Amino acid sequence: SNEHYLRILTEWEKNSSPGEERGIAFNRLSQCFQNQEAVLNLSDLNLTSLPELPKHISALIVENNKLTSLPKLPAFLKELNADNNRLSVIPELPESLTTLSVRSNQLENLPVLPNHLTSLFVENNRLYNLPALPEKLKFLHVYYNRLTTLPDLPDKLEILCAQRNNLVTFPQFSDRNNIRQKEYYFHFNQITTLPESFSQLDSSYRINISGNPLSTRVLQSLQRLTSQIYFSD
């Protein structure tokens, strides 16, 4: 099916806008299909759209472009890096996906997340709500968004960067997160009070809550209990 896919690439290449580089993309898309490679990288090519993607690829690197949408992702994609584009929606994700990077786009929603996802970077978007979080999630960046609440944190979450949002409450913490150090960032939000879940929270938890309109009351009590590592600037 070489001639088939080679046509699709040709029709896509001849539908270009003046500022794009669909010829360079055509070459990289050509070698990727014929050699059955695992990494397709079309970064820094001024592309406004992508053709149908070579199946059986593992990583798709299409960052620093002008993409407003993505085609149907390969059914066994391991990593997706679409950082710095103009996407408003992410297509349905393969259950094999473990790394999703879509920073600095214009996403207002996120699709359901696969269970094997360990890295989710969706900072600098327009999210108001975030879907349920995968159990195997380890690193999560959702800062520079417009969220107001967070879903329950998974049991293996190590780093959570949720600053620069509009959060009014803390998410529910896991009872079986027994890894060495949790680094949870919530600074520059709209959190007004501290939840009761902060008791019985080990020193394994490092939480930042600076830049939060914390009431002078809850600010006074924290000033006492501090005599979990917390920073209340």
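Counting begins at 1, following the sequence as shown.
Engineer: Please figure out whether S227 and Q228 are truly consecutive in the deposited sequence or have unmodelled residues between them, and give none, 1 to 3, 4 to 9, or 10 or more.
Structural biologist: The entry has 4 to 9 unmodelled residues between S227 and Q228.
Engineer: Comparing 21-29 with 208-216, which stretch shows the greater average C-alpha B-factor in the deposited entry?
Structural biologist: In the deposited entry, the stretch with the higher C-alpha B-factor mean is 208-216.
Engineer: Per the record, averaged over C-alpha atoms, which has the higher B-factor: 135-143 or 111-119?
Structural biologist: The recorded data point to 111-119.
Engineer: Per the entry's Cα B factor values, which of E196, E52, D44, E183 stands out as the maximum?
Structural biologist: Comparing C-alpha B-factors across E196, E52, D44, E183, the maximum falls on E196.
Engineer: Given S69, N165, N178, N65, identify the residue with the highest C-alpha B factor in the PDB entry.
Structural biologist: The record points to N178.
Engineer: Looking at the entry's B-factor column for C-alpha atoms only, identify whether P94 ranks in the lowest, middle or highest third of its chain.
Structural biologist: It falls in the middle third of the chain.
Engineer: Can you tell me which third, lowest, middle or highest, the CA B-factor of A59 falls into for its chain?
Structural biologist: CA B-factor rank for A59: lowest third.
Engineer: Taking the entry's C-alpha B-factors for this chain, is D152 in the lowest, middle or highest third?
Structural biologist: Within its chain, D152 is a middle-third residue by C-alpha B-factor, going by the deposited values.
Engineer: What third of its chain's C-alpha B-factors does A38 belong to: lowest, middle or highest?
Structural biologist: Middle third - that is where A38 ends up once the chain's C-alpha B-factors are sorted.
Engineer: Pull the Cα B-factor of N189 out of the PDB entry and bin it into the chain's lowest, middle or highest third.
Structural biologist: Tercile = middle for this residue's CA B-factor.
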